[PDB]
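Below is one structure, written out as structure tokens, with a few remarks after it.
First the proteins, then the strands, lettered A, B, ... as listed; each starts at 1. Quick note: numbers below take in every heavy atom, side chains included, and nothing from hydrogens, waters or symmetry partners. For ligands, and for the atoms within them, numbers begin at 1 and follow the listed sequence.
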Amino acid sequence: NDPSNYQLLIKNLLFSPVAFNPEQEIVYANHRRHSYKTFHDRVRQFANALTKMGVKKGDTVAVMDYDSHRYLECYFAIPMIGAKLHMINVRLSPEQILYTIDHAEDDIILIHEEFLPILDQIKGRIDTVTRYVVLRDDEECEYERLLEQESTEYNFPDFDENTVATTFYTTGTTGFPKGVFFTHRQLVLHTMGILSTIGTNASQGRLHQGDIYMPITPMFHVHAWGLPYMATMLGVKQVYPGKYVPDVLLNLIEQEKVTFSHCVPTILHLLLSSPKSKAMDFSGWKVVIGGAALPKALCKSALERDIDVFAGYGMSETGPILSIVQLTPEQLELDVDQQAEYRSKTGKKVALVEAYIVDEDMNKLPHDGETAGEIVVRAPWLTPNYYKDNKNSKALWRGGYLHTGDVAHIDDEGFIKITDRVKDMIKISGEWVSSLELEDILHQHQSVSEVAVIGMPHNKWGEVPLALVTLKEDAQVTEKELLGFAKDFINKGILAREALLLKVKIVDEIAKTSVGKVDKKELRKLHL
Amino acid sequence: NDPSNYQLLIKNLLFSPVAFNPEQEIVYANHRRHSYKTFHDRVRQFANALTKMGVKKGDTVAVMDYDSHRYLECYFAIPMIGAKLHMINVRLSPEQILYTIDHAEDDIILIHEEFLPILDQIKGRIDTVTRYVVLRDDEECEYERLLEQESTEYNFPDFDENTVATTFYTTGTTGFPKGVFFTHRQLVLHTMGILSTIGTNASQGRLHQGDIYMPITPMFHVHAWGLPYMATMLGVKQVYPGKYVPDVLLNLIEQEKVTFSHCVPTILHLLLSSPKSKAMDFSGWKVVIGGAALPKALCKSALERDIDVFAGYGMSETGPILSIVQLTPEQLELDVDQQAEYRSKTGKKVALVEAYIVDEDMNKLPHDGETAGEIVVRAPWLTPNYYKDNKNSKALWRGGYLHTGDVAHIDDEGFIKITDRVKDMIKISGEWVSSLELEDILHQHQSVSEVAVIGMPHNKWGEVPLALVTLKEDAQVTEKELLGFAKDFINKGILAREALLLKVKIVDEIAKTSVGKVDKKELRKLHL
Amino acid sequence: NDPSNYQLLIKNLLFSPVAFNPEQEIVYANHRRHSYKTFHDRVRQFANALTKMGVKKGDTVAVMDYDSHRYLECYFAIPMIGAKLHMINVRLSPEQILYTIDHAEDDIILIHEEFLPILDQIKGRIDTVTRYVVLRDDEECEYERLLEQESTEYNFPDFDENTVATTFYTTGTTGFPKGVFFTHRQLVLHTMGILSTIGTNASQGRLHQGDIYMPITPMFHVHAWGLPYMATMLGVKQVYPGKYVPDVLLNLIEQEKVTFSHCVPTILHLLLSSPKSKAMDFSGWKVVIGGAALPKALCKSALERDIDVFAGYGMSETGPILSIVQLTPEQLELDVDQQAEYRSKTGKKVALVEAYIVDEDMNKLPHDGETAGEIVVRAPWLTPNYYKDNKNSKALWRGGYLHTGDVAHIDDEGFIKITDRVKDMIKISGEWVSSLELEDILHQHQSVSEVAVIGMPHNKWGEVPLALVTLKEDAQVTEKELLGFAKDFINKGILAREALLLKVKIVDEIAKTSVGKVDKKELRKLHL
Ligand SMILES: CCCCCCCC/C=C\CCCCCCCC(=O)O
Ligand SMILES: CCCCCCCC/C=C\CCCCCCCC(=O)O
Ligand SMILES: CCCCCCCC/C=C\CCCCCCCC(=O)O
């Protein structure tokens with residue numbers, strides 16, 4: 001190694017941070033508190049313990065627990081040693097978890113006690129794993145016992161910045177989960193690009209060195225949006241809640257004085273509706289809602305409590321952060337409604353992101369605010385391919401750009417608004433129509449609980465619209481009324497307003513995926 | 001090139017910035033104003049004009065003018081084409097300028113009209129340069145004429161991120177100027193590391209997207225501390241003053257509402273003493289004084305006008321930025337005096353900087369706040385060596401660290417305070433004493449104008465102190481009185497307070513370098 | 001390519017065979033007959049059809065049907081083009097079939113009509129396959145239609161002999177099926193090594209150029225033991241039965257005068273028990289029983305009909321053929337019983353096979369006829385590793401030898417007799433005992449239908465024996481009687497004859513794998 005040749009490694013985020021206070025605190029909710037000095041000591045102890053277990057440079061260590069100090073220590077100790085960190089989506093079915101464990105070829109597994117029953121259905125079909133480390137919360141944690149017998153001194157190696165650091169296996173539509181991976185250089189660049197793009201905001205949505213961080217994202221998904229790295233680089237106080245409960249998170253916010261966090265719309269809705277929330281001070285909090293498509297009504301309800309709500313976009317192949325809503329001081333003067341419409345957009349692209357919209361032939365459509373197409377991006381922190389995949393990898397990076405899979409339009413100003421998914425487009429004859437805009441119109445009815453819209457083939461206009469609706473409790477309206485409910489609107493293309501092809505049907509129960517996302521593929525299977 | 005393999009290039013700072021407003025302004029003081037859209041068009045036009053002139057990838061283009069929009073366009077167009085940008089220190093002697101021109105082997109030269117007389121002494125000894133482009137301010141600029149006949153469309157090439165981008169030839173003690181160079185990757189990393197480290201400040205010293213930038217640094221020195229790149233990445237309004245005049249800078253500050261700038265202590269003293277400054281509002285301005293050793297009295301005088309003054313450290317081999325003073329909100333409550341003492345320090349190291357202090361054997365002395373040693377650093381933006389140099393390059397990177405040449409001590413908190421230079425240490429017997437702390441003590445006298453302290457060899461205690469002083473107008477005190485003036489103090493090592501070895505001498509005139517820095521090498525030559 | 005440098009390719013088996021008669025016949029049972037000239041023409045036509053479909057050198061084509069002329073044409077046309085041939089085990093569960101299809105990344109799929117329902121559960125989760133070719137038997141086959149429109153001329157390419165030719169995904173104990181692959185060189189060497197080792201037999205078990213071949217092995221398992229290649233190299237008449245039915249195979253044997261075949265003990269038992277078999281002439285037939293552990297009583301019953309029965313050993317990682325029973329003329333004089341005992345052995349190793357037996361430390365135990373150990377082999381036709389596997393691949397080739405997984409002893413003469421599996425050994429205290437020898441002893445009882453023996457942990461003697469038995473119809477004997485039934489025998493180690501640790505249990509139904517092999521892993525799960 002040439003000392004004059006600098007490698008961008010994860011250890012430089014921890015030992016060469018923006019700020020470091022040895023008496024700043026790390027809090028595991030109502031369980032444990034220590035300082036940054038103790039946190040560094042524990043990272044070195046964990047490196048020693050891993051080295052004793054026989055974890056070499058190329059090895060893979062799989063982690064399975066909640067949000068805690070242990071996960072934060074794994075986010076650092078494992079990559080610095082040179083090993084790979086495999087975050088396991090504990091919400092997948094045990095068959096898919098077994099598939100990802102086999103595909104990644106883990107050597108050690110750190111599994112929380114509460115997830116032991118899952119392992120009891122899978123353990124007989126695992127070959128690569130040689131050690132199971134059972135994580136507990138009170139006193140009998142094997143992780144704590146392993147730490148306790150190791151020294152707080154360790155000389156972290158210097159290797160190439162292109163060595164892989166993390167993998168986490170997103171599940172999309174392929175049939176088997178696809179493994180995405182990142183390197184030390186990519187994570188370091190992601191932390192500094194996002195800190196530079198949104199830490200430099202004028203006044204509204206900025207993360208600074210006086211914030212108190214607390215994740216409300218599962219932290220095995222996408223590195224928790226890269227936020228633990230950014231928060232530890234800034235040397236801010238961090239609070240970890242463990243298992244998400246709406247009324248324990250509210251207590252943590254009130255008592256630890258959390259100012260910055262991030263979640264998905266469902267958790268935000270659960271928090272704002274909780275009985276204790278009504279008697280709480282929220283006007284210091286800056287939640288980031290980047291899970292999926294922040295609704296405007298939820299944004300309006302969160303704005304009336306004086307919460308800095310804004311949306312972001314990421315994809316789990318992309319770092320994930322690609323775009324963030326940032327409001328100019330001219331826009332910070334509008335009323336709630338216009339602000340709600342601005343804050344719920346996909347947002348403008350962050351530093352070092354290209355973000356074009358193309359058609360099926362990669363033609364780079366104009367940014368006029370109306371024309372829709374699929375977003376293709378280039379960024380310093382994208383996965384080159386899928387792990388152990390060839391054809392899907394080629395379909396991902398087709399034409400020299402990473403294909404996101406979302407259909408959106410971009411304003412002249414730069415604001416992006418995702419309209420639909422590429423696979424959910426209705427190919428009626430010779431035009432493309434979003435199926436998302438139809439679902440919410442049916443959702444506006446007083447006797448519908450959930451709407452899923454798919455497309456059935458039809459000889460002359462190709463695949464046409466078809467709506468599957470589940471009615472509410474003690475509500476019974478025939479499909480004829482529902483057909484006329486949507487016909488009341490105007491301003492649609494093709495035949496008048498697209499009326500005679502709806503063919504709405506009433507469904508007792510709608511198939512959902514393991515996580516809870518509506519499964520529009522098997523819906524096509526059982527309806528076709 | 002692999003599209004999935006991202007290269008960190010300068011064109012990504014311009015076309016993938018943090019923010020971009022096409023109607024944001026670039027102002028050349030009282031001469032010209034255009035917008036960011038026009039600025040991008042002019043960058044493409046300049047790329048076209050350079051391509052027509054025959055500037056290939058490896059070529060070098062030398063620039064010689066003041067701070068203007070033209071220099072900002074050269075900071076971008078030349079590196080993107082692939083060529084090298086050579087900034088010429090217009091304050092060196094024409095012999096040294098000729099040496100640097102010959103050493104760099106420039107092909108084109110862009111020289112301002114006012115610097116033409118300098119060229120008239122040098123032009124007969126230049127072989128490599130084939131074109132001279134004369135820059136003017138009113139209407140007959142050849143740069144403007146070259147731009148006017150070129151199209152605003154250009155496809156900038158994609159090359160390796162390790163291609164050299166800039167060189168500027170620092171002059172130290174070697175005898176000939178030494179050429180330092182940086183690459184695209186290093187400049188991109190410098191812009192994002194500094195933006196992340198000081199844009200994320202809580203409240204005090206932060207550069208954000210609502211600032212108005214105006215350099216007061218020569219902009220050929222060290223890339224103007226990297227600040228034009230950071231300011232154009234943030235998409236802020238920029239004001240360029242041209243030739244520094246104290247009362248034109250004040251008018252620019254008042255009228256364009258500048259909030260962020262950077263200079264050296266002499267310019268700040270000249271501004272604060274100007275008659276028009278007294279009737280001006282300064283409480284929105286955040287000058288950064290990182291030239292050399294911000295005095296505490298100047299800091300105190302600037303703090304009473306409510307100016308956010310803070311210091312930084314750089315070296316012209318180092319990017320340059322290495323450390324910045326950043327105050328915690330606990331420290332933003334002290335009175336002026338304690339704040340003056342905090343703001344005039346060298347400061348804490350920025351993100352991704354290592355910054356140890358070692359002895360002559362590279363032993364990494366402790367950080368106790370008292371022990372002094374030479375600072376050695378590792379950072380992503382340091383020159384690997386000197387251009388076309390071998391032995392000096394080896395002396396620079398000795399022991400795997402870049403040697404700065406400054407002697408400082410570091411607190412436990414992290415604050416650095418530079419005490420002296422390595423070459424100016426007095427090697428009295430077996431201990432090292434700073435010669436800087438003695439000079440200011442003599443400066444406190446009422447009849448001394450300037451003090452320079454060097455060291456004469458002496459058999460038993462080695463090199464010993466020796467002070468050369470120039471008296472004021474109509475002041476005549478013999479060296480005996482001056483010897484007793486310093487003896488009044490206490491708390492020094494060695495023989496009592498170091499009294500019998502001063503041997504102060506009175507000098508009519510003190511030799512100064514070309515820029516204006518006291519020349520302690522020839523002072524030794526004429527006194528030894 | 002150097003013409004003087006010979007590459008061992010599969011096309012040389014077809015175009016440079018031992019013998020070639022253009023009027024020799026290929027028979028698809030009661031469906032089709034053509035000659036070897038037509039067969040060569042059809043191979044060239046299929047090469048043309050595959051080239052039109054866009055199958056390049058690296059592509060994979062997956063085949064799913066019965067034993068037919070189409071499978072024989074796929075055994076040649078696909079490898080010669082350079083593509084990979086993926087044989088799909090149609091007897092696995094559709095989940096495992098989907099896993100193997102995804103893992104192999106097939107481009108085309110040739111699937112028989114009868115296997116279409118299986119595809120109906122899997123098709124929605126397949127991404128790589130772009131064409132489905134439906135095979136039928138009467139007139140509407142898409143394979144026949146694709147052939148009919150292509151020319152019978154094709155120039156087969158010359159490539160490296162180390163290019164992969166076939167893959168078929170064995171399923172063992174890992175939890176997911178493991179993919180094994182072979183090259184052109186390995187298949188050519190396998191065909192010539194086996195032809196040289198058993199074609200040169202003195203009189204008994206020899207395949208010569210006057211035989212009539214007919215497979216009774218699924219032909220997707222292990223290349224049908226490499227026998228179609230050997231039979232087409234010799235240019236003999238070949239009969240393909242399609243779907244195995246006991247009374248259609250007997251008709252084929254009687255009418256086409258088949259002399260050489262190969263099956264597994266179950267099919268041989270089904271044939272010898274069929275009502276039509278009793279009135280048939282069998283004294284020209286040379287079935288090879290190499291499926292799993294030819295029983296001695298079945299061998300004795302097949303010997304009384306004057307059938308040349310002998311056993312072979314293979315493993316699906318090994319070519320497969322490793323050993324064959326070959327009788328010297330001295331041994332061809334013993335009565336049925338001694339001949340039955342000789343013919344049911346694993347046999348002596350074939351040409352170019354090493355075949356040691358080692359212990360757990362790879363110590364190469366002696367060949368005394370009593371000492372047992374695991375067989376480790378070296379041969380020219382073994383898979384280097386598992387496809388896309390690292391740790392299992394290392395466990396397979398541990399110590400420089402391929403580990404078979406079987407425990408056997410070898411006589412001084414050279415005869416091998418497999419006693420058990422490595423994973424099924426009972427680790428009673430400090431000795432290893434085969435669990436297979438116990439099962440047949442219990443099977444000798446008049447009121448037991450099937451016995452499975454596993455091992456339960458026990459503190460002082462480690463894992464101990466445990467027998468699970470299912471009783472016959474209208475038979476009810478308690479476990480106490482069964483315990484005494486086995487105690488009647490003698491000559492066993494450890495405690496007397498291993499009596500007090502049996503702990504036999506009665507089970508209503510025993511878990512079986514997908515193919516029909518007893519699942520001793522889940523039996524441990526539900527009993528432990
Ligand atoms: C101050 C900067 C810190 C905040 C950065 C913004 C947080 C990122 C929010 C938007 C990106 C959304 C990422 C999640 C999408 C992937 C889906 C998932 O893994 O759950
Ligand atoms: C918001 C960040 C922008 C401000 C960054 C701080 C500016 C840098 C000031 C301290 C570094 C001093 C660099 C000059 C030292 C080299 C000497 C020279 O070339 O003149
Ligand atoms: C004249 C030589 C032709 C006969 C060669 C002998 C045939 C091979 C018989 C013994 C090998 C058994 C191979 C099957 C074991 C693998 C299991 C399977 O795939 O079904």
(request) State the atoms of ligand 1, each with its element, that fall below the 4.0 Å cut-off from a heavy-atom position in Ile321(A). (result) 5 (C), 6 (C), 7 (C), 8 (C)
(message) I'd like to check which ligand 1 atoms, numbered from 1 as shown, lie under 4.0 Å from a non-hydrogen atom of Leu207(A).
(response) 1 (C)
(request) Could you find the nearest protein heavy atom to atom 14 (C) of ligand 2 and give me its residue, atom name and distance? (result) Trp225(B) NE1, 3.0 Å
(request) Kindly give the heavy-atom pair with the smallest separation between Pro265(C) and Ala292(C), and that separation in Å. (result) CG-O, 3.6 Å
(request) Just need the protein heavy atom nearest to atom 12 (C) of ligand 2, so name the residue and atom and give the distance. (result) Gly290(B) O, 3.1 Å
Without placing hydrogens or testing angles, list every side-chain donor-acceptor pair under 3.5 Å for residues 209-227 of chain C, not counting sequence neighbours.
residue   : atom : partner   : partner atom : Å
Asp211(C) : OD1  : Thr259(C) : OG1          : 2.6
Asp211(C) : OD1  : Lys286(C) : NZ           : 2.8
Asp211(C) : OD2  : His208(C) : N            : 3.0
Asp211(C) : OD2  : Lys286(C) : NZ           : 2.9
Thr217(C) : OG1  : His262(C) : O            : 3.3
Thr217(C) : OG1  : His262(C) : NE2          : 3.3

(request) Give the residue, atom name and distance (to 0.1 Å) of the protein heavy atom nearest atom 20 (O) of ligand 3. (result) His221(C) CG, 3.5 Å
(message) Donor-acceptor pair, distance only, cut-off 3.5 Å: does the side chain of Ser196(A) make one with the backbone of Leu195(B)?
(response) no
(request) Give the residue, atom name and distance (to 0.1 Å) of the protein heavy atom nearest atom 3 (C) of ligand 2. (result) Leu227(B) CD1, 3.4 Å
(message) Show me which atoms of ligand 1 lie under 4.0 Å from any heavy atom of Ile324(A).
(response) 6 (C)
(request) Taking all heavy atoms of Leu382(C) and all of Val377(C), pick out the closest pair and write down the distance. (result) CD1-O, 3.9 Å
(message) Return the OG1 to CD1 distance between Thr318(C) and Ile375(C), rounded to the nearest 0.5 Å.
(response) 10.5 Å
(request) Search all heavy atoms of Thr197(B) against all heavy atoms of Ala351(B) and return the closest pair with its distance. (result) OG1-N, 3.8 Å
(message) Using heavy-atom distances only, which candidate in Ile194(A), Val222(A), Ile289(A) approaches atom 18 (C) of ligand 1 most closely?
(response) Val222(A)
(request) Indicate yes or no for a side-chain donor-acceptor contact from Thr200(A) to the backbone of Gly199(B) under 3.5 Å, with no hydrogens or angles considered. (result) no
(message) Can you name the atoms of ligand 1, numbered from 1 with element, that are less than 4.0 Å from a heavy atom of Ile198(A)?
(response) 1 (C), 2 (C)
(request) Pull out every atom of ligand 1 sitting under 4.0 Å from any heavy atom of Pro320(A), numbered as shown with elements. (result) 13 (C)
(message) Given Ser316(C), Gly314(C), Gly312(C), identify the one with the heavy atom nearest to atom 10 (C) of ligand 3.
(response) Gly312(C)
(message) Can you name the atoms of ligand 1, numbered from 1 with element, that are less than 4.0 Å from a heavy atom of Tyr313(A)?
(response) 10 (C), 11 (C)
(message) Please enumerate all residues that pass salt bridge (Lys or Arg N to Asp or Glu O under 4.0 Å) together with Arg421(C), with sequence neighbours excluded.
(response) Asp406(C)
